[PDB]
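Trainee: This one is an experimental structure. Sequence first:
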Amino acid sequence: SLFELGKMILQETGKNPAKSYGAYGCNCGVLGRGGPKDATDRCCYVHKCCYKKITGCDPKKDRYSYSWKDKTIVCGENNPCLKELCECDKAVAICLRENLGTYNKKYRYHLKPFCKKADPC
Ligand SMILES: CCCCCCCCCCCCCC(=O)O
């Protein structure tokens, strides 16, 4: 659900997920995707595509379990939708941490119809 995802982001990036990522670029994050604005914005774009190939569960609402072991998000699920969900959220979080150096506050509260239409996933 959002709690797990924001936690992962927080734990990986060290940033307040809602602040840094709640409204960042054309895809990070809360209302569809869009021509990524940069590395960070592209992370959320893949995250959404990752979301859409998900079936038995809702990624806003369904909670899953995960572990922090050796400073690594370890998914705790066998359930397929939750495992993939957990893995989509995990990878979004990694990807956001890896691209922090290009993170640009200029796109933090970007207005989202200032966004080009996204390519199908
Ligand atoms: C510290 C607990 C975190 C819960 C707050 C929710 C965080 C939401 C921001 C997640 C950023 C990517 C979201 C998305 O693109 O759907």
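Mentor: Arrived safely, thanks for sending. Residues are numbered from 1 along each chain as shown.
Trainee: does the residue at minimal distance from the centre of the chain sit in a helix, a strand or a coil?
Mentor: The geometric centre of the chain, computed from its C-alpha atoms, lies nearest to residue 92 (CA atoms, centre = their mean), at 4.1 Å. Here residue 92 takes the helix state, with states given by DSSP: H, G, I helix; E, B strand; the rest coil.
Trainee: Near the ligand, which residues of the chain are found?
Mentor: By CB under 6 Å from any ligand atom, the residues of the chain that approach the ligand are 2-3, 5-7, 9-10, 17-18, 21-22, 28-30, 44, 47. (Each C-beta comes from the backbone N, C-alpha and C, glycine too.)
Trainee: Show me those that map onto helices.
Mentor: Using DSSP state H, the subset of these located in helices is 2, 3, 5, 6, 7, 9, 10, 17, 18, 21, 44, 47.
Trainee: Who are the contact partners of the first one?
Mentor: Neighbouring residues of residue 2 by CB atoms under 8 Å, 6 or more residues apart in numbering: residue 60.
Trainee: How much space separates the residue nearest to the centre of the chain from residue 79?
Mentor: Using CB to CB, to the nearest Å, one obtains 19 Å as the distance from residue 92 to residue 79.
Trainee: Give me the distance from stretch 99-108 to the chain's centre.
Mentor: 14 Å (CA atoms, centre = their mean, to the nearest Å).
Trainee: That one: which residues count as buried?
Mentor: Buried positions in stretch 99-108, judged by neighbour count with 16 or more other CB atoms under 10 Å: 99, 103, 107, 108.
Trainee: does the nearest residue to the last one once chain neighbours are set aside count as helix, strand or coil?
Mentor: By that I understand residue 108. Spatial nearest neighbour of residue 108, excluding adjacent residues (CB to CB, 6 or more residues apart in numbering): residue 24 at 5.4 Å. Following three-state DSSP, residue 24 is assigned to coil.
Trainee: Look at residue 24 and say how many residues are nearby.
Mentor: Counted with other CB atoms under 10 Å, the burial measure for residue 24 works out to 26 neighbours.
Trainee: next one: the one 5 residues further on
Mentor: If you count neighbours by other CB under 10 Å, residue 29 ends up with 25.
Trainee: Please list all residues in contact with it.
Mentor: With contacts taken as CB under 8 Å, 6+ apart, residue 29 has the following neighbours: 21, 22, 23, 44, 47, 48.
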